[PDB]
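K.L.:
these chains are from a complex, not moved at all, and more is on the way:
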Amino acid sequence: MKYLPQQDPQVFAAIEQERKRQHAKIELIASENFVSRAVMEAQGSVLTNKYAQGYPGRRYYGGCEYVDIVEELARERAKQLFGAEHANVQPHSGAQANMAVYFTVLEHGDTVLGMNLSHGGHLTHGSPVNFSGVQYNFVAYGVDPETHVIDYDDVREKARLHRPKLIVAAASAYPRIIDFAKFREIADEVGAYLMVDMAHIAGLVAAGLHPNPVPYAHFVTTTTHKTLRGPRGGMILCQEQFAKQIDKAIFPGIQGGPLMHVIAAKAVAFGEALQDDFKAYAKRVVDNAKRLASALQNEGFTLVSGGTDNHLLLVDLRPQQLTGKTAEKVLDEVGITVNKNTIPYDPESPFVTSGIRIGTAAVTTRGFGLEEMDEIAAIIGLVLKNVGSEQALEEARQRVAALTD
C-alpha cells in the first residue's frame, strides 16, 4: 500500500496486524481461505465508483459498457465452471443469495424443509432468529444418530408430512457427500422445488471432487469465498426457466446497486478456478482433510461420521470430556484457529457445544501437505490431552510457529 499508511495510520496499523496474524496462525476455520493478489487488486479497483443497477446491456444508468464486460465475464466463467444455464453474480453475500431464492418461489409463511441446524444446516436455512425462520415455516430433516449421515428416509417423511413448497439441501458443517439425486427424487414426489446451498463445497464441485448439484436442483446458491477461494460475496445458479425471476428477485427485489469491484474479483476467482492448478489445489484440500481426519483418529479423537468426504471434519469431544468452547479457547492460546460447533444430537447448547469444526482449504492454499497434516493432528492431541499444562501449551506454540515459519 502507498496512500493508506499516510492517510490513515490507525486503519493501516490494524490492517498490518491482521496481515501478520493471517501468516502466523494455523487457520483451520472451514469457511476461510486466502485470495490471490489479483483478486484483491480487482476489489481495490475504481469499479467501486460505478452505479450499475440492473443487468448487462439492461442497466438503469449510462456508461456501464465496461462493467458489463466484467459482469458478463463473471457470469460466463461461472456457467463454464458449474455447467449452469444461468448465473447471477450480484448477491452481496451467501445470505442475500439465499434470501433472493426464497423471495423468488415462496410467499410469507410457506413451509420449507431444510437440514437440522444442530446437524449442520445453516442459519439462513430456518433459524428462528434469522429472516428465514421468521418469514417462512421451516421444518427440519436430520442425520442418523449413529452414522451422522443424512437420513434420506427422514428427508422423505418430513417432506411427505409437511408438504414443503421448497426443500433445501447442503450445509455449513456436513463432512460427507450430499446425494442431490435423492433430494431431487423426494422434491419430485411432493412437488417441491429443490434449492442446493453449495457454499462450503463450491470449489470442490468446480474441481469435480464433489457431485455437482446443478443438474438436480432448480436453484443453486453459493458464497464465492470458502473452497471457491474468491472474494466475499454470493452467487445464484439456475436453469434458464427461472433466470428472469431470479434476476428480478436480486434486483429490484432485495438489492440495489451491485458491488462491481467485487464482481470483478468474482470473475478473477472464477478464471483461477477454471485453471488446471486449481483442480490440483482442490484435490490436495480433500487429500489433506482425509489425512488430517486419519491423523486425528490416530491421536485418539472421535470424528462425526467417522471421517470426511470433503474439506471439513468435526471432532466429537465427548470422549475427552471437553466442550467445543473449551477446545476452541485453548487452541486459540497456541495459535490454532478453529470454531466450536454443535455435533448431531449435541447435549450442549450451540453456545457451548461438544465439537470443533476444522477445514483444510486455507492451510492447503499456504502450501501445507500430508506431513503438515500429521503435525497439526499431533499438536491438537498434545494440547487437548494436556489442557492444564502450560509447558505442553508452550511446546504446542513452538510447533505451530515452526509450521508457519
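P.N.:
That came through fine. Numbering: from 1, shown residues only, chains lettered A, B, ... in the order given.

K.L.:
Buried ones in stretch A:328-336, by neighbour count?
P.N.:
Neighbour counts over stretch A:328-336 (16 or more other CB atoms under 10 Å) mark A:328, A:330-331, A:334-336 as buried. Using the backbone N, CA and C atoms, a C-beta is placed for each residue, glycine as well.

K.L.:
Stretch A:92-99 now?
P.N.:
Result for stretch A:92-99 [16+ other CB under 10 Å]: buried residues A:92, A:94-99.

K.L.:
Need the residues you listed in a markdown table (columns: secondary structure and distance to residue A:275).
P.N.:
Shown next, in a markdown table, are those (DSSP: H, G, I helix; E, B strand; the rest coil; distance: CB to CB, whole Å):
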| residue | secondary structure | distance to residue A:275 |
| --- | --- | --- |
| A:92 | coil | 27 |
| A:94 | helix | 24 |
| A:95 | helix | 29 |
| A:96 | helix | 28 |
| A:97 | helix | 24 |
| A:98 | helix | 29 |
| A:99 | helix | 31 |
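
K.L.:
Show me how far the helix or strand residue A:264 falls within is from its chain's centre.
P.N.:
Using DSSP states H and E, residue A:264 sits in helix A:260-273. From the chain centre to the centre of helix A:260-273 is a distance of 17 Å (CA atoms, centre = their mean, to the nearest Å).

K.L.:
Heading C-terminal from it, find the next helix or strand.
P.N.:
helix A:276-298.

K.L.:
if we can go back for a sec, now do the helix holding residue A:264 against helix A:276-298, angle only.
P.N.:
80 degrees (axes from the mean of the first three to the mean of the last three CA atoms, to 10 degrees).

K.L.:
Could you name the helices and strands sitting against helix A:260-273?
P.N.:
helix A:37-43, helix A:65-82 (3 or more CB pairs under 8 Å, 6 or more residues apart in numbering; DSSP states H and E).

K.L.:
what does it contact?
P.N.:
A:35-36, A:38-40, A:42-48, A:50, A:52, A:67, A:70-71, A:73-74, A:77-78, A:80-81, A:89-90, A:203, A:206-207, A:224, A:228-233, A:235, A:278 (CB atoms under 8 Å, 6 or more residues apart in numbering).

K.L.:
re the thing from before, which members of the buried residues of stretch A:328-336 are positioned in strands?
P.N.:
residue A:336 (DSSP state E).

K.L.:
re the thing from before, just the helices and strands packed on helix A:260-273: most buried one?
P.N.:
The highest average neighbour count among those, using mean count of other CB atoms under 10 Å, belongs to helix A:65-82 at a mean of 19.

K.L.:
Listing partners with orientation, what would you give for the helix or strand that that one is followed by?
P.N.:
Note on helix A:65-82: by DSSP H and E, the next helix or strand toward the C-terminus is strand A:86-88. Taking DSSP bridges as the criterion, strand A:86-88 pairs within the sheet with strand A:234-238 (antiparallel).

K.L.:
quick one: buried residues of stretch A:153-169?
P.N.:
Buried residues in stretch A:153-169 (16+ other CB under 10 Å): A:155-156, A:158-159, A:162, A:164-169.

K.L.:
end-to-end on it?
P.N.:
14 Å (CA to CA, to the nearest Å).

K.L.:
How far off centre is it?
P.N.:
That offset, for stretch A:153-169, works out to 23 Å (CA atoms, centre = their mean).

K.L.:
cool, stretch A:37-53 as well?
P.N.:
23 Å.

K.L.:
same question, stretch A:271-290
P.N.:
Using CA atoms, centre = their mean, the offset of stretch A:271-290 from its chain centre is 16 Å.

K.L.:
Identify the bridge partners of residue A:237.
P.N.:
Note on residue A:237: beta-bridge partners by DSSP bridges are residue A:87, residue A:220.

K.L.:
let's bring in chain B now:
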Amino acid sequence: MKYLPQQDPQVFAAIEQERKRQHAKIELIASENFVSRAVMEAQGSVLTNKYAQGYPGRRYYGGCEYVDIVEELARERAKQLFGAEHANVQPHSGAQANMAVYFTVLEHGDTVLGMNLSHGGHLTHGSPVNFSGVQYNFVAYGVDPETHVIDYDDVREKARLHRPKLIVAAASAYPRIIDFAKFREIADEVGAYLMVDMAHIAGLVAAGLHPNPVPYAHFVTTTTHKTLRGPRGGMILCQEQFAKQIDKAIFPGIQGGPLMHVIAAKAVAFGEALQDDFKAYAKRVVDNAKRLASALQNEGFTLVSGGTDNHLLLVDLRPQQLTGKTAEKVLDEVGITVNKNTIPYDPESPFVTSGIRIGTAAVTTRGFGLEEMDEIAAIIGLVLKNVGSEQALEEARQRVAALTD
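P.N.:
Let me put chain B in with the others:
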C-alpha cells in the same frame, strides 16, 4: 496494479477501460463520486479473508482482535461525524440498511408511510416490485404540485388516515432541505417511529450543510457512497435504546459475515469526512449545484422546485418537449452522464420520464468549480436545444473534452 494484468488480461483490460471512462466523461449522476486511493487500498486489503460474524468483542470466530479495531474505528468515527448514540457499519448496501430497520420494528403487512416514488422516494421506500412494497403496506405522501416541496399537511393527513407503524423521510431525487423536526412532530402525533434515509445527503449532513436527522429520527439509514464519498455499502445510526435490536436485525437477522475490508474502507472515508478539507469540499458541492441550477435557468431550463438546497437538481424538460429518456441518450453521445428521472406529477412512465437528474458531488471531487458549472450548463443548453444537429453535438463533444482534459 501488478498481479491482475498478468493473471487476468480480460478483467484488467475492462477495468482499464472503466478507469479511462471515469476520467473522460462528465459524471453528473447525483449518487456517484470518486473515492480516494486510501479508500480503495483498504477495500483491496487482506481483510476479505476474515470471517467476523457478530460484533467487536462479541464475535462468533476467534482471531478478530484486529478487525474489531477496524470496525470500532468505523463506528466511533461515524458517531463523531453524525452525533449518533449508536452506529452499525455492517450493512452491505443502502438496501440492506433499510431492510434491517424494517425487520427491527415492523411485522409482515404493517403500514408504512414513505415519500411518493415518482416525487423522489426510493425503491426501498415501498416499490411494489421491491421487498419493501411486497412485505409491508406502503402508503405515500407527496410534494406540492406547484412548489414541488414536500407537503407537510399531506404527510400529516396520510399519517392520521393510515396510522403507519413507521414513517420514512428522505429521497433519491429531492433537491430541497427536508424538515426532520416536522416529520418527527407528525410521527409523534400518530405514535409512529421515524426513519430517515439520508443516503443522498449524508456528506452534506456531516459537513453541517443540511440539518442533521439524528436528533429527530429513531433510525437513520444511509449509503456510505454518494455525498459521503466512501466505499459502496450501508450504515444505520440510532439511539442507544434501539442498538441491541438493530445489531440483531443486521446479524443474525438479515446478513451473515460482514465485509471487513469494506468496513475498513468505511473507517477511512469517515476519517476523511472528519477533516476540515472535506467540509470545504462539501460546501463547494452545494455552491456548485446552486451555480449549476442558476446557469441552467439562464439557458432557459425549468428546474423542479425552482432550484436546489443540496447537491442535486432535476430538470423538468416539458417546456422543451423532450423526455428524460431522449435527453439522457443525447447527452450520452457527447460524454455527459445523467439519468432520466421522473418529475413530480410526471405525465410519462418511469421508463420514459419528463426529467433528468443531475448532481455535482463527482465533478466537485475532480476539482470543478463555478466556471466549470457555467460551461456544463452552456453545453447542456447547446445539446438539448439542437438534438438533431450533429455539428452542435460535435462542438459539445469538444467542449466536454476541454473540461476533462
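
K.L.:
Take what packs on helix A:260-273 again, chain B included.
P.N.:
If contacts are counted by 3 or more CB pairs under 8 Å, 6 or more residues apart in numbering or on different chains; DSSP states H and E, helix A:260-273 sits against helix A:37-43, helix A:65-82, helix B:4-7, helix B:9-24.

K.L.:
Can you tell me which helices and strands the third one packs against?
P.N.:
Translated: helix B:4-7. helix A:37-43, helix A:260-273, helix B:9-24.

K.L.:
Mind listing what's buried along that helix?
P.N.:
Going by neighbour count (16 or more other CB atoms under 10 Å in any protein chain shown), the buried part of helix B:4-7 is B:4, B:7.

K.L.:
do the same with stretch A:47-59
P.N.:
A:47-56, A:59.

K.L.:
filter those down to the ones near chain B?
P.N.:
Contacts with chain B within the buried residues of stretch A:47-59, as defined by CB under 8 Å from any CB of the partner chain: A:47-51.

K.L.:
Report how many residues lie close to whatever residue of chain A ends up closest to chain B.
P.N.:
With CB to the nearest CB, the shortest gap between chain A and chain B falls at residue A:44, namely 1.8 Å. The number of residues packed near residue A:44 is 26, by other CB atoms under 10 Å in any protein chain shown.

K.L.:
Residue A:244 too?
P.N.:
10.

K.L.:
which parts of the stretch 301-405 of chain A sit against chain B?
P.N.:
Checking the stretch 301-405 of chain A against chain B by CB under 8 Å from any CB, the hits are A:328, A:332, A:337-339.

K.L.:
Among those, which pair sits farthest apart?
P.N.:
A:332 and A:339 (10.2 Å; CB to CB).

K.L.:
Go ahead and confirm residue A:216 touches residue A:198.
P.N.:
No: with contact defined as CB atoms under 8 Å, residue A:216 does not reach residue A:198; the gap is 11.3 Å.

K.L.:
Between these two, which is the more surrounded one?
P.N.:
residue A:198 (30 against 19).

K.L.:
Could you find the closest non-adjacent residue to that one?
P.N.:
Distance criterion CB to CB, 6 or more residues apart in numbering or on different chains; nearest residue to residue A:198, sequence neighbours excluded, is residue A:222 at 4.9 Å.

K.L.:
On the secondary structure side, give me the element for that neighbour.
P.N.:
Using DSSP H and E, residue A:222 falls in strand A:219-223.

K.L.:
Okay, angle between that strand and strand A:234-238 too, please.
P.N.:
Using the same axes, to 10 degrees, strand A:219-223 lies at 160 degrees relative to strand A:234-238.

K.L.:
hmm, back to that, any idea how far the residue of chain A closest to chain B lies from residue B:184?
P.N.:
Shown here: residue A:44 relative to residue B:184, a distance of 41 Å by CB to CB, to the nearest Å.

K.L.:
next one: residue A:255
P.N.:
30 Å.

K.L.:
Which one's more surrounded, these two?
P.N.:
residue A:255 (27 against 20).

K.L.:
And the residue lying closest to the more buried one once chain neighbours are set aside, how far from residue B:212?
P.N.:
Once flanking residues are discounted, residue A:255 sits nearest to residue B:95: 5.1 Å by CB to CB, 6+ apart. To residue B:212, residue B:95 is 23 Å away according to CB to CB.

K.L.:
And for residue A:17?
P.N.:
Here residue A:17 is placed at a distance of 34 Å from residue B:212 (CB to CB).

K.L.:
what about the two, which has more around it?
P.N.:
More neighbours surround residue B:212 than the other of residue A:17 and residue B:212, with 20 against 15 (other CB under 10 Å).

K.L.:
Chain neighbours aside, what residue packs nearest to the more buried one?
P.N.:
Nearest to residue B:212 is residue B:205, by CB to CB, 6+ apart, at 5.3 Å.

K.L.:
on contacts alone, who are the packing partners of the helix or strand containing the one you found?
P.N.:
Per DSSP H and E, residue B:205 falls inside helix B:202-206. Contact partners of helix B:202-206 among helices and strands, from 3+ CB pairs under 8 Å, 6+ apart: helix B:65-82, helix B:276-298.
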